[PDB]
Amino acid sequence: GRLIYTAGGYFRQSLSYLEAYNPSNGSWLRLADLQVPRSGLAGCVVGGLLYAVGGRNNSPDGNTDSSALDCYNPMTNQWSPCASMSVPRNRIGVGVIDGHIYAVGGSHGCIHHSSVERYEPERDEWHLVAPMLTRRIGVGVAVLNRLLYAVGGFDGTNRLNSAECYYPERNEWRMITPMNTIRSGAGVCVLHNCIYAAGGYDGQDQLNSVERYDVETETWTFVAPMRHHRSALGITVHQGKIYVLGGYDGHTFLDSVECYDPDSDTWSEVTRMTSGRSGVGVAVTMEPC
């Protein structure tokens, strides 16, 4: 598309911001607020519609895990509730295959989900698919060659380097090569034939390391690290370059936005969000009106 949308997040409380960044002119642009604050959500795009999935409203007067699926139309600049998932999912992963949205893992209270469900925008309906072999909250999700990948996260006791892959036609999950670094709450995306895992939390500190999985070779290879350690960062791809947005570096909620150029293997600070925050949902689509 054209704009990088960031929705929700957390700073002192769950947030309702919807701001769009234009990598062509460096401009930010605040849009319609989310009807319900939510952190640990995920963002995705299907047929020009932006979707905010799961999360959790950490607020003074209470904390409520969200099973919501909200939908934003850039032409109207309006949100609209859509069908709700079977189960609340905080610290969630999502991935799009054949116009369908896969909601992966997440937490509801202290229940850590292995379950997975798929949303069909044409029927406004969810349906549960096969669960993951492992419970994963704060899981990174990526789609490559119509295959879904769940990478890292937290399973209730330990934080994981493990990763697994879902083959839709079989409705089946299988382990793939684990990462070289334990990552939970990382930024996972796809670029070319590789699945990048950036930052996260490894049980002790926030990570700035970045590695990528080559499906052909089935191996993880480290790559130039980010300039800031990050956890609960937003991540997306725009014109063959990765953008990581915000996160927590261990002491401050970052407004830093970094951009990875895979041809030069370098990271550079593109801009800075209008305020520091972690746990945002990110996606990319057309400009609004």
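Heads up: residue numbers just count along the shown sequence, starting at 1.
*Asks:* Mean CA temperature factor from the deposited coordinates, higher in 200-208 or in 136-144?
*Replies:* The stretch with the larger mean CA B-factor is 200-208.
*Asks:* Which has the higher mean CA temperature factor in the PDB entry, 96-104 or 120-128?
*Replies:* According to the entry, 120-128 carries the higher average C-alpha B-factor.
*Asks:* Highest CA temperature factor in the entry: which of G240, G62, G43, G234?
*Replies:* Among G240, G62, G43, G234, the highest C-alpha B-factor in the entry belongs to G62.
*Asks:* In terms of CA temperature factor as recorded, identify the highest of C71, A150, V190, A186.
*Replies:* When the deposited C-alpha B-factors of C71, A150, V190, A186 are compared, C71 is largest.
*Asks:* What third of the chain, by the recorded C-alpha B-factor, contains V280?
*Replies:* It belongs to the lowest third of the chain when residues are ordered by C-alpha B-factor.
*Asks:* Based on the deposited C-alpha B factors for this chain, I'd like to know if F154 is in the lowest, middle or highest third.
*Replies:* CA B-factor rank for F154: middle third.
*Asks:* Relative to the other modelled residues in the chain, which third contains the C-alpha temperature factor of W28: lowest, middle or highest?
*Replies:* Highest third, going by the recorded CA B-factors of the chain.
*Asks:* Report the third (lowest, middle or highest) to which the CA temperature factor of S66 belongs, ranking only the modelled residues of the same chain.
*Replies:* Lowest third of the chain for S66's C-alpha B-factor.
*Asks:* Looking at the temperature factor on the CA atom of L3, which third of the chain's modelled residues does it land in?
*Replies:* Middle third of the chain for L3's C-alpha B-factor.
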